[PDB]
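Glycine gets a Cβ as well: all are built from the backbone with ideal geometry, and neighbour counts include every protein chain shown. No lab work stands behind these numbers, since they all come straight from the coordinates.
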Amino acid sequence: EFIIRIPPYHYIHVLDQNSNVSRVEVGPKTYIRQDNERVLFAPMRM
Amino acid sequence: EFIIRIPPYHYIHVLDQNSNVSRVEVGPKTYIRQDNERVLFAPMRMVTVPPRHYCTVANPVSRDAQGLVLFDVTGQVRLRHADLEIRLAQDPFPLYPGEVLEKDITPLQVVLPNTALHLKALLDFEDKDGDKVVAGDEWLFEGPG
Amino acid sequence: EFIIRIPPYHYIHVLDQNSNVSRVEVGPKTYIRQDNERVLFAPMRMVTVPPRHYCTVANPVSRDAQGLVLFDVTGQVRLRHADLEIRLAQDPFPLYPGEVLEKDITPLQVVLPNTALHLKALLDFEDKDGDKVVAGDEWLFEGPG
Amino acid sequence: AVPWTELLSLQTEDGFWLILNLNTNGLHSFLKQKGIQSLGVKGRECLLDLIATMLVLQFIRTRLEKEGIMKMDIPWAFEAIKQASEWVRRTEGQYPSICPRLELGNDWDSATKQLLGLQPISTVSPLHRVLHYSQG
Amino acid sequence: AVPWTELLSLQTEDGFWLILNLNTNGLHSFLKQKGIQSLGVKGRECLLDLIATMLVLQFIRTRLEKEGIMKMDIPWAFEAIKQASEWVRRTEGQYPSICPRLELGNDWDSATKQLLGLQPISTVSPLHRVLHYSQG
Amino acid sequence: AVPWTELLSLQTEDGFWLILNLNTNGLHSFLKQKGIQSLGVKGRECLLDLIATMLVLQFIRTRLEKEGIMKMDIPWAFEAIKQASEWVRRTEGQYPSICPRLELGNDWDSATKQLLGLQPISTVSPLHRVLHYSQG
């Protein structure tokens with residue numbers, strides 16, 4: 001759950017539960033979240 | 001679990017799980033944590049020291065030239081590892097994380113008339129007299145004090 | 001397994017399986033490994049040495065003229081094989097890979113008045129006096145120190 | 001119904017002193033802490049014999065005053081009590097104010113009553129483990 | 001109910017000293033480390049006989065003071081205690097401050113109480129394996 | 001319950017020395033390596049008799065000090081111990097610092113305690129196969 005690997009030309013949305021604020025994370029990147037944070041869904045194509 | 005109400009003259013320790021860094025929260029306050037954070041234990045009393053008493057705390061906090069608690073860049077506190085420090089009567093201080101209370105509240109001992117104390121220098125130091133007291137020296141602390 | 005949270009004053013060793021090279025990771029930090037890499041063991045404490053105590057570590061790290069840890073070109077650390085080194089009181093150092101802690105925290109011994117130590121030079125050296133102490137020489141270390 | 005003749009069987013050659021029902025070990029380790037070694041080897045044996053003789057005299061006076069009847073000197077054991085009181089009154093002058101400095105009480109009447117166990121011991125006093133280490 | 005006559009069966013020719021219930025082996029290997037060989041062959045036997053005689057005298061004084069009753073010199077064993085005390089008080093002056101330098105206590109009263117086993121031994125002291133190597 | 005009279009049955013004509021429970025073979029092959037042949041045929045027998053007499057005296061002193069009681073000179077075996085101590089104290093002056101140079105310890109008290117087997121033997125010392133070759 002903690003390990004997030006975004007394929008090239010994909011994105012996710014992750015929820016800052018300390019602020020109730022979400023944002024998008026794009027790229028051919030690996031993503032590491034925190035304990036408050038919560039990725040909303042499995043990575044979909046841009 | 002999320003709601004933390006620290007009574008007056010109490011403290012806790014809470015663990016930042018994003019940084020693996022802990023710290024102390026004091027006061028007559030309510031505390032609200034985050035989702036990463038984790039309060040370690042139920043709120044315990046800031047330990048107090050009456051007059052004519054003392055205690056020794058292993059691993060004391062490095063304080064500055066004015067007694068302000070020095071911190072690491074990473075949020076952690078600057079201890080002095082494997083030392084002791086003898087604390088006399090003062091306000092009910094808290095214990096920063098990584099500090100153990102070895103000696104409890106124990107009384108300052110009184111020496112009677114016509115009686116003295118045999119004292120050995122465990123480690124080299126420099127007394128208030130001006131003498132370089134090398135480790136191994138012996139002492140006569142006499143008096144009714 | 002992938003998530004590694006090193007507490008304050010701890011360390012681990014992690015194995016680069018692309019190079020067969022290990023190294024130490026210290027700090028009050030969280031650590032994230034890769035797929036090749038493998039953390040060897042659960043995080044242990046950076047060993048600390050109080051005053052009037054010492055320890056001996058087999059195979060010490062070669063440090064430079066300023067005490068900066070010297071490395072190999074291949075990422076590995078420059079040890080000094082099959083030696084010892086006696087460490088006195090200081091900050092809680094970690095142990096680089098390939099180092100064994102033979103002597104624990106043991107106290108520096110005190111010699112009493114009217115008593116001395118019989119000391120033998122195991123290997124040739126050059127003392128602080130200026131004498132070429134050949135191996136096999138005998139010593140009288142007297143005093144109450 | 002205390003042993004009377006069995007005390008005189010343990011009477012020493014000069015006049016100094018189970019039959020007492022007291023922690024011996026614990027009292028010796030208590031007096032070891034207070035610095036009895038610094039009084040000389042000869043001195044500490046004289047002081048321990050003094051304290052033991054005062055303890056025997058306090059046990060005798062407690063035995064007598066339950067029936068109502070240095071000043072203590074039955075006719076059949078009057079000789080041993082007389083020579084014990086004369087041994088007490090000679091060597092006591094070597095030690096002025098010794099029961100405060102050894103932390104046992106004000107004087108010997110306050111000290112032997114606490115050490116015998118019939119009178120209370122305060123929390124400010126360190127004499128709480130002389131009757132309770134025998135309870136453990 | 002300690003053996004009394006069995007001690008006098010083991011009485012030496014000059015006045016020096018199971019019946020003691022103490023680790024002999026372990027005490028000799030303890031004193032071997034501290035440097036007793038550097039006192040001369042003649043000297044180490046004199047010191048060991050001194051320590052054994054002080055141990056027997058402390059065992060006697062512990063036996064006596066449970067019933068309440070260098071200064072120690074029953075009438076039937078008064079002769080052996082007298083000659084043992086005279087043997088102690090002669091050769092003790094050869095060794096000033098020997099119990100600190102051999103790491104046994106402040107003086108002989110502090111040393112023999114710890115070696116006999118009725119008084120506590122601190123962690124800063126290396127005398128913890130003289131009673132526990134016999135427990136292993 | 002060691003054999004006492006059986007030792008005096010094996011008493012030599014001058015005062016030199018199973019009843020010992022020690023590897024004889026192994027000790028002789030140990031001393032063969034260290035160069036005892038270079039001391040002369042007459043010299044090596046004198047040295048072996050010296051070491052055997054010191055071993056018997058250490059066994060006697062271990063037997064005595066478990067009950068508490070060159071300086072060692074029971075009344076019934078006092079004559080043999082006296083003549084053995086006089087045989088020791090005469091020929092010991094021929095050999096100064098012989099136990100370090102033969103690799104047995106600091107002095108004879110350190111050597112006989114290790115060879116008897118009641119005291120530990122370090123890894124830096126080659127005396128580990130004198131008690132374990134008898135275990136094989």
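Taking residues in the stretch E:111-136 that are more than 11 Å from every other protein chain (Cβ to nearest Cβ) and charged (D, E, K, R), and partners anywhere that are crowded, with 16+ Cβ neighbours inside 10 Å and outside any loop (DSSP other than H, G, I, E, B), the pairs with Cβ atoms closer than 7 Å and at least 6 places apart or on different chains are E:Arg129/E:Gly26. Looking across the stretch B:1-15 at every residue that is assigned to a loop (DSSP other than H, G, I, E, B) and among the hydrophobic types (A, V, I, L, M, F, W, C), the one that is nearest to B:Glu99 (Cα to Cα) is identified as B:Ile6.
Out of all the residues in the stretch C:116-123, is one or more loosely packed, with under 11 Cβ neighbours inside 10 Å and among the basic types (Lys, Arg)? Yes; the residues of the stretch C:116-123 include at least one that is loosely packed, with under 11 Cβ neighbours inside 10 Å and among the basic types (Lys, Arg). Among residues of the stretch D:39-68 that are more than 18 Å from D:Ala111 (Cβ to Cβ) and within 11 Å of another protein chain (Cβ to nearest Cβ), those with a beta-carbon under 8 Å from a residue that is surrounded by 14 or more Cβ atoms within 10 Å (Cβ to Cβ) and among the aromatic types (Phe, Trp, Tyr) at least six positions away or on a different chain give the pairs D:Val41/E:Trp108.
Pairing residues of the stretch C:60-72 that are over 17 Å from C:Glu85 (Cα atoms) with residues that are assigned to a loop (DSSP other than H, G, I, E, B) and among the basic types (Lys, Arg), at Cβ distances under 7 Å and at least 6 apart in sequence or on separate chains, gives C:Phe71/C:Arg78; C:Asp72/C:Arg78.
Selection of first residues in the stretch E:12-30 that are at the interface with chain F (Cβ under 9 Å from one of its Cβ atoms) and of second residues that are among the acidic types (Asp, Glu) and part of a loop (DSSP other than H, G, I, E, B), restricted to Cβ pairs under 9 Å at least 6 apart or on distinct chains, gives the following pairs, ordered by first then second residue: E:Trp17/F:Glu67; E:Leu18/F:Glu67; E:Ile19/F:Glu67; E:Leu20/F:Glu67; E:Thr24/F:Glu67.
Which number in (1) closer than 28 Å to B:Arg78 by Cβ; (2) touching a helix residue (DSSP H, G or I) at 6+ places or on another chain (Cβ under 8 Å) marks the one condition that C:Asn114 misses? Only one criterion is unmet by C:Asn114, namely (1). Is there a residue in the stretch C:133-141 that is within 30 Å of C:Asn20 (Cα to Cα) and not hydrophobic (A, V, I, L, M, F, W, C)? So far as the stretch C:133-141 goes, no, none of its residues is within 30 Å of C:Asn20 (Cα to Cα) and not hydrophobic (A, V, I, L, M, F, W, C). When the stretch C:73-86 is limited to residues that are surrounded by 11 or more Cβ atoms within 10 Å (Cβ to Cβ) and within 21 Å of C:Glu25 (Cα to Cα), the one that is farthest from the chain's Cα centre (by Cα) turns out to be C:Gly75. When A:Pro7 is tested against (1) of a type outside the set (A, V, I, L, M); (2) more than 18 Å from C:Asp35 (Cα to Cα); (3) part of a loop (DSSP other than H, G, I, E, B), only condition (2) is not met.
Results for (1) of a type in the set (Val, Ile, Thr); (2) within 19 Å of E:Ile36 (Cβ to Cβ); (3) in contact with a strand residue (DSSP E or B) (Cβ under 7 Å, 6 or more places away or on another chain), shown as yes or no for each residue.
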residue	(1), (2), (3)
E:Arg63	no, no, no
E:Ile69	yes, no, no
E:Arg89	no, no, no
E:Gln94	no, yes, no
E:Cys99	no, yes, no
E:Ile121	yes, no, no
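Does C:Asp64 qualify as being farther than 29 Å from B:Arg80 by Cβ and either charged (D, E, K, R) or more than 14 Å from every other protein chain (Cβ to nearest Cβ) (or both)? Judged against the criteria, C:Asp64 is not a match. Out of the residues in the stretch E:23-46 meeting the condition of being crowded, with 19+ Cβ neighbours inside 10 Å and among the hydrophobic types (A, V, I, L, M, F, W, C), tell me which one is farthest from C:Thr115 (Cα to Cα). The qualifying residue farthest from C:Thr115 (Cα to Cα) is E:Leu27. Going by the structure shown, is D:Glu103 within 14 Å of another protein chain (Cβ to nearest Cβ), among the acidic types (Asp, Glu) and on the phi > 0 side of the Ramachandran plot? Taking the combined requirement at face value, the residue satisfies it. Annotation: C:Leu95 fulfils all but one of (1) hydrophobic (A, V, I, L, M, F, W, C); (2) surrounded by 12 or more Cβ atoms within 10 Å (Cβ to Cβ); (3) part of a strand (DSSP E or B); the unmet one is (3).
Please indicate, with yes or no, whether at least one residue in the stretch E:71-84 is small (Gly, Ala, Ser), facing another protein chain (nearest Cβ under 8 Å) and buried (at least 18 other Cβ atoms within 10 Å of the Cβ). Within the stretch E:71-84 (the criterion being small (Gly, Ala, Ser), facing another protein chain (nearest Cβ under 8 Å) and buried (at least 18 other Cβ atoms within 10 Å of the Cβ)), the answer is no, since none of the residues qualifies.
For the stretch D:19-125, which fully contained helices (runs of 4 or more DSSP H) count at least 3 residues that are under 12 Å from the mean Cα position of the chain (by Cα)?
It comes to D:41-65, D:108-116.
Here the stretch C:52-61 is the region considered, the condition is being buried (at least 17 other Cβ atoms within 10 Å of the Cβ) and within 14 Å of chain B (Cβ to nearest Cβ), and the residue that is nearest to C:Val26 (Cα to Cα) is C:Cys55. Here A:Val14, A:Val24 are screened, and the one residue that is within 14 Å of chain B (Cβ to nearest Cβ) and either within 25 Å of C:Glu1 (Cβ to Cβ) or under 10 Å from the mean Cα position of the chain (by Cα) (or both) is A:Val14.
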